[PDB]
Amino acid sequence: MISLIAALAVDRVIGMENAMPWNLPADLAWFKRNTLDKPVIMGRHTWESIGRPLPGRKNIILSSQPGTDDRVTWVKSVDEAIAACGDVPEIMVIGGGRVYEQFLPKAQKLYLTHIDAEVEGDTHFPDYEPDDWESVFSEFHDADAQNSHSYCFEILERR
Ligand SMILES: NC(=O)c1ccc[n+]([C@@H]2O[C@H](COP(=O)([O-])OP(=O)(O)OC[C@H]3O[C@@H](n4cnc5c(N)ncnc54)[C@H](OP(=O)(O)O)[C@@H]3O)[C@@H](O)[C@H]2O)c1
Ligand SMILES: Nc1nc(=O)c2nc(CNc3ccc(C(=O)N[C@@H](CCC(=O)O)C(=O)O)cc3)cnc2[nH]1
Ligand SMILES: [Mn+2]
Ligand SMILES: [Mn+2]
């Protein structure tokens, strides 16, 4: 099973100038909880924006170019990325935009955080067909002293 996990601002914005223009520690805790002890697949731009290996996860990077860091696994196609994960229950795809686009057709689950923030962006989550997905979990949170915006955690499963 393949799952996507992402945080979306208004209009499905997910990034700007290779960074995320918000700080929501609650969402990062959610990200960590849902990805720990699982392989994570990311594109090269996302690897660069993160800047180091994510601990306690097998880090797999998609690049058409040879790898430049042996602390992570480098693969050159979607099929190789999947094979590199082995036989695990759940593979987590952590973006960015181009990688989300390619793995969406294969995904059975989406872990989405909807953030009530208006940000200009240059990267967007794919336009997924809402009829194909069932919402099985949602949990809304108002803003607080640590999290500057309200946000909703949602898990959707392909029908
Ligand atoms: N809000 C969120 O949940 C979230 C999550 C993740 C990322 N982001 C944001 O998204 C942005 C980065 O996304 P992005 O779309 O620009 O880049 P990306 O998808 O992270 O990486 C794109 C790169 O991945 C490699 N790649 C993708 N598909 C491949 C394939 N099939 N075979 C071989 N290599 C492949 C290529 O690297 P080469 O050029 O080396 O071939 C490509 O240039 C940043 O702003 C980041 O902060 C946001
Ligand atoms: N829901 C969600 N939120 C995100 O911010 C997010 N970010 C990416 C890619 N960007 C990043 C950037 C930083 C870290 C990170 O530093 N996480 C650490 C710390 C967790 C914490 O602070 O509690 C980790 O161990 O996962 C992860 C992904 C992909 N999917 C996401 N999905
Ligand atoms: Mn080596
Ligand atoms: Mn807001």
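Along the sequence shown, the residues carry numbers beginning at 1. Just so you know, ligand 1 is whichever comes first in the structure, and atom 1 is the first atom listed for that ligand.
Closest to the Mn ion (ligand 3) among the N, O or S atoms of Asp70 is OD2.
Of the listed options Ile94, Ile5, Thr123, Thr123 places a heavy atom closest to atom 11 (C) of ligand 1. Comparing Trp30, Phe31, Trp22 by heavy-atom distance to atom 6 (C) of ligand 2, the nearest is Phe31. Closest to atom 16 (O) of ligand 2 by heavy atom, among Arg52, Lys32, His114, is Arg52. Checking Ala19, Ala9, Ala7 against atom 47 (O) of ligand 1, the nearest heavy atom belongs to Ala19. By heavy-atom distance, the residue among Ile94, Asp27, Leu4 lying nearest atom 4 (C) of ligand 2 is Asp27.
Looking from atom 40 (O) of ligand 1 to the surrounding protein, the closest heavy atom is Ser63 OG, 2.6 Å. Among all non-hydrogen protein atoms, the one lying nearest atom 20 (C) of ligand 2 is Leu28 O, 3.8 Å. Counting only heavy atoms of the protein, atom 43 (O) of ligand 1 lies nearest to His45 CE1, 3.9 Å. Protein heavy atom closest to atom 15 (C) of ligand 2, with residue, atom name and distance, is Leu54 CD2, 4.0 Å. The shortest contact between atom 11 (C) of ligand 2 and any protein heavy atom is with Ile50 CG1, 3.6 Å. Counting only heavy atoms of the protein, atom 25 (O) of ligand 2 lies nearest to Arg57 NH2, 2.8 Å. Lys76 O, 3.2 Å is the protein heavy atom nearest to atom 33 (C) of ligand 1.
Atom CG of residue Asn59 and atom CD1 of residue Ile41 lie 11.0 Å apart, to the nearest 0.5 angstrom.
If you check the side chains of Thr113 and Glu154, you find no donor sitting under 3.5 Å from an acceptor.
A donor-acceptor distance shorter than 3.5 angstrom exists from the side chain of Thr35 to the backbone of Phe31, with no hydrogens or angles considered. Looking only at distances, a side-chain donor or acceptor of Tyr100 sits under 3.5 Å from a matching main-chain atom of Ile5.
In this structure, atom 2 (C) of ligand 1 is in close contact with the protein, since a protein heavy atom lies within 4.0 Å of it.
Taking 4.0 Å as the cut-off, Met42 does not count as a neighbour of ligand 2 on heavy-atom distance.
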Start with the C-alpha gap between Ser150 and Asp116, add the side-chain angles, then the distance that decides, and say whether side chain to side chain donor-acceptor pair (under 3.5 Å) holds. CA-CA 6 Å; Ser150 51; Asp116 296 317; 2.6 Å; yes
